[PDB]
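Single chain ahead, by itself, as C-alpha cells, in the form deposited in one PDB entry.
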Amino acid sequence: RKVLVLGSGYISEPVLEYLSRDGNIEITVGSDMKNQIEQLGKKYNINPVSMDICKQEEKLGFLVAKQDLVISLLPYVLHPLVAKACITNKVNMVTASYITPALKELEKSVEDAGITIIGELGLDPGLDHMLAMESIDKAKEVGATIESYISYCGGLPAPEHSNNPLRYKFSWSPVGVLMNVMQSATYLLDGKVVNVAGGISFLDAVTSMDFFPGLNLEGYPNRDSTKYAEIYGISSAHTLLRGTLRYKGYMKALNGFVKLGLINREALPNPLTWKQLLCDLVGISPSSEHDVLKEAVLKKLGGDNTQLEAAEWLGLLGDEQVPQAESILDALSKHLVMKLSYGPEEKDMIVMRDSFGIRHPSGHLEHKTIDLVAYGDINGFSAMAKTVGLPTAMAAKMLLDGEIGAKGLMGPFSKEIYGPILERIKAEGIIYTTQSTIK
C-alpha cells in the first residue's frame, strides 16, 4: 500500500486526489522543482523528496524497493531510467505517455522480472485506445470486421473563452504544439496512402468538422495513422485516420507565425523588444511602429489584415521585452503562455469523435459513432487533467488491488484494463454516447 510518484504536477494533483481516498495508501513524491513539490504537499498528505532523477540514479534504485508501485509523470524521455530501476527490484510501473522505441527494448527483461508495467494511459494515447478496442472487440463477438476507423480529438477552451486571435488557451507550454505544425502526416483513405507535408503548406489540409452544428470546428490529420493497423489488428481496414480538432481560425493564425519565420530553434540575437526582434526578421532596421506595420503585412503576404491584427493584438509589434529564451520558438512559446493562459475560473473542455465502418457476416454495413465531451470544473480539476490523470491513476489502483492479472508491458488494449477504466470514469464526469445505423 505504498506508492511513489515521479513528477510534481500538474497531472499529479488528480492522481493523488484519486488514490488518496480510502486513506490506506502511503504516497511519496519526488521532483526537481522545489517550490512545486512543496506547494503540492500542502494539499495532499504525502512524503516529499527532492531529487534529480538523472544524477542521483543511486538513491532512486533503493527507494523503488520500498514501494509497491511507481507512477512516472516525468517527460517521456526519462522513462527507461525508471524501468531499469523497477525491473531490478521487481516493482510494477504505470506511465501516461507513449512507449518509446527506447523503452520497447526491455520487454524480454521486463517479462523475465515477473512484473507488470503499463504505458500509454491518458487522453491520447489512452482513452482513444480504449474506445477503439471496446468497439473492435464488440464487433468480433458477432463475427464482424472493421473496414474504416476515423478518430478526431482535441483539447480547447469552453466556447465562452474562445474570443481571441487563436481561439485557444494553453494548458502547458506551446513548444510542443507549435513544433507539430512543421511535421508531416500520413493516413490511409479508400486504400490509397495519403501523405501531407508540414510547414507553410499544411494549412491546405485543414477541413471543417460539422458534426456539432452549434460548434465552429476545424480539423486536420494527426501524425501517421497508418501504424495503428498492427496495434488494433485492423490491417484489413481500407481507411485509417486520426485527426485533431480546433476552433476555426486557429491554424490560419499559426500560419502567420510561419510566414514571419517565428517557428524555428535558431538562437536569439539595452533589452531586446518584440518590435526590434521582428524588424530583424522583416529585414528592416529598428524604426517607427507604423513602418514595421507596412513591412510585416508585406511579409505576411497579400492584404492579410487578419494575420496582421492578430500579431498586433499579441503585442508582437510593441515594445514589450522579449523573454529570455534559448531560441526564437522557445521565446514565442513563453509570450503566448503570458498572454493566452487559463484564468482561475475559466473552463476548458475535451472532445472526441470516432467513426467505424463495420462489416457483418450477413453483408450489411454498420456505421457506428462515439461522442465524448467533458468540461472542466471551476473549483475542481480541468478536463485535460481528469482525462490524462484518471486513466493512469485508476490503472495504478487496479494493480494494487490485484485486479490486473496480465504480465508484461501491454497497453490499455485488453478488456481486463479498458473494461473497468471505461466504466469507472463515468462517475468522475467523463461520459460518452454511441449511435449506430445500417445500410
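Counting begins at 1, following the sequence as shown.
Separately, the form solved in complex with a small molecule exists; it is not shown, and the next lines address it.
- Taking the partner from elsewhere, every residue among 52, 75 and 123 has a non-hydrogen atom within 4.5 angstroms of the small molecule in the deposited bound form.
- Looking at residue 414, you'd find every heavy atom of it more than 4.5 angstroms from the small molecule in the deposited bound form.
- The small molecule is not shown here, but in the deposited bound form it comes within 4.5 Å of a heavy atom of residue 9.
- Residue 32 belongs to the set of residues with a heavy atom inside 4.5 Å of the small molecule in the deposited bound form.
- A residue is said to contact a partner when one of its heavy atoms sits within 4.5 Å of a partner heavy atom; residue 70 fails this definition for the small molecule in the deposited bound form, lying far away.
- Shown alone, this chain has one stretch from 61-69, 369-377, 24-32, 393-401 that lies within 4.5 Å of the small molecule in the deposited bound form by heavy atoms: 24-32.
- When you look in the deposited bound form, the only residue of 167, 353, 79, 275 with a non-hydrogen atom within 4.5 Å of the small molecule is 79.
- Only one of the listed residues (92, 307, 97, 333) places a non-hydrogen atom within 4.5 angstroms of the small molecule in the deposited bound form, and that residue is 97.
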